[PDB]
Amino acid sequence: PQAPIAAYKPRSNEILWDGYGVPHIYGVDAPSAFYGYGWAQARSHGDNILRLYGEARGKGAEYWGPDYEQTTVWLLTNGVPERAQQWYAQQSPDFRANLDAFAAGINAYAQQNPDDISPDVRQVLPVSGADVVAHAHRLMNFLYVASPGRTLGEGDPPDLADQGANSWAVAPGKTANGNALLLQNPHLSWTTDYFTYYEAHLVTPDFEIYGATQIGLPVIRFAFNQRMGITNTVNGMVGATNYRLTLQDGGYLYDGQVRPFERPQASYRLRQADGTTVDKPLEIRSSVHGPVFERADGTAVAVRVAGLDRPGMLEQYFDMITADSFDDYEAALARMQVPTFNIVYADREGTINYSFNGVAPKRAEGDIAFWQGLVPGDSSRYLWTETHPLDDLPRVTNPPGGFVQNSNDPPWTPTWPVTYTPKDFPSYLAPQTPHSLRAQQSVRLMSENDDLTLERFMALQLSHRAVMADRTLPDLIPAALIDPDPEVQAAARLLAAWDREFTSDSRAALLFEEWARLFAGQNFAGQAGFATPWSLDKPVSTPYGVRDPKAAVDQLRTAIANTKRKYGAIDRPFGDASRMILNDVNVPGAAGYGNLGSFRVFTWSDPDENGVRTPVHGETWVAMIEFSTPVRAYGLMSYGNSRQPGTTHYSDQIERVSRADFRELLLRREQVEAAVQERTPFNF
């Protein structure tokens, strides 16, 4: 109807909650919607939001003791609580009012429902707009871009490190009905608090947004509406540098001169087991690069984070997701206030766009591997001061191929055919590393399909191909059949009969994973085992083959043992071992590891004593949107919409997830009114 449906114009403030605890927040103006949003978030996730906001204040240690102390030291040394005050002071008046409203929403819920807030996090109250800013700043710059694990060279815990996503946007020309399609599909921890997605709907007379965001964030990162929608995937935009300092004469050597550290003398409180606290002094040293950390091995490392002068992250996302046109979206994107992420855009006018987004330092020399390692901190040659504008970054708009995609692969095949190559960009922007089997599968699923309907688009999202099996079994099986061990022969035949799909009933899939663990490493990303290595000239059909079939058969022998150790048998049905268990809901699993090729992702834990494992990471918020008039959208949230103790909205979608039975996402007032179970009238 090339003119959108009449926008709903709310006349009172109310949250209409549906049966799954999805809040439909109707506000008479923007602060009202943000207030209801905070209120809703607090109701569904209050305890963890408070804890996180506590942490963002640099008060984790003070509130909860030694387990929170590393983050405290990290955030204080990096001046995060103070930077938050600054960024908060630096908001536009309008947006600050929204942030304040959001916080007031949280406080108000807590004030009206004090017994619903967990006793341990009551002390955090009240919260403020600055806390909201701090949390978002922590999340973006000091979890995503820089983290203490990386700076300390200890590595990040899985809670943080397991990050991924799928993203598809399909142009009209590639669809049946002529409307852009969009897949929102982030893959984060199912347990990590700051990575908990919350689904919501905000309606004012001026804007409408539907979708998911991490708890405690006041704006929706995976948002769509009647006009447009976006989705994100992590791109590991190298937005920070760790510098190895040479310590000398009480300072650090730099361009042959001894330079002084800048020193604040801070201190923080540390909660004791008995509930009292001790004051711990904290000296914060900064070189010209940034704050200085000392590794366990005694290396002095200065961490330099890009975009510390970018306070408009939350407002950028807000203006992006409420954009009236693609030009507006881009103008907002072009502010470079969002420090990281691939961002994919689709709208009802038919535009699709992929952007390798973030705040990337301009560097005179060095490739991406150089800039991800310890960079020498004794030379001004390595001190960047400038960042790339949007226009310097890999982007694709309405490509000839009619789609854009990203599955955390380097941005070198975001569409097919490609519209640029690695040499078109500085070598430090993105790795030129092999694309994962899931990423190759993403390109294939879009490129190879035409005349897409929403239903078909949704079916394709469910892909759970063992691509790794396609690349290896042709060589492994014949070689395994040579082996005299009848068990190895039996294993080979089990593997040969398998359709190479990670279905619940697959008796071969677990064994295969175990072999793959050895063949391609614990993360299934190793390349040394393949006969034909990955090539950007065959980006979706390499790597391929088994380089050393003898050794691979030895790996199968060990794998057979591992499978039996873990699962009690080499032929246990995949979905008997792989379970999705939330509260007392226990449903069969399907799909699996992305690195094995599964597009739909469940990163199955190690099994327990019964051989049972559950997703530690993977499908969380999944939504497919057709930009028809009106839009049509379906979605699910694996672990429900609430994690508050005792909620009925934690385990209430996982059964549907197991059957790929998506909910209709309800954006229209009439639909919302039809689905409403709870109403929270409010007044901001």
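Each residue number is its position in the shown sequence, starting from 1.
Relative to its counterpart among 170-178 and 133-141, 170-178 has the higher mean temperature factor, C-alpha atoms as listed in the PDB entry.
Higher average CA B factor: 481-489, of the stretches 552-560 and 481-489.
Among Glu199, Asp100, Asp156, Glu514, the highest C-alpha B-factor recorded in the PDB entry belongs to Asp156. As recorded in the entry, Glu294 carries the highest CA temperature factor of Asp193, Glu294, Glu501, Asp409.
The deposited CA B-factor of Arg227 belongs to the middle third of values across its chain.
Annotation for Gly312: C-alpha temperature factor in the middle third relative to the rest of the modelled chain, per the entry. Sort the modelled residues of the chain by CA B factor and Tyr88 lands in the middle third.
In this PDB entry, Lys423 carries a Cα temperature factor that places it within the highest third of its chain's modelled residues. Among all modelled residues in this chain, the alpha-carbon of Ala675 has a temperature factor (C-alpha) in the highest third.
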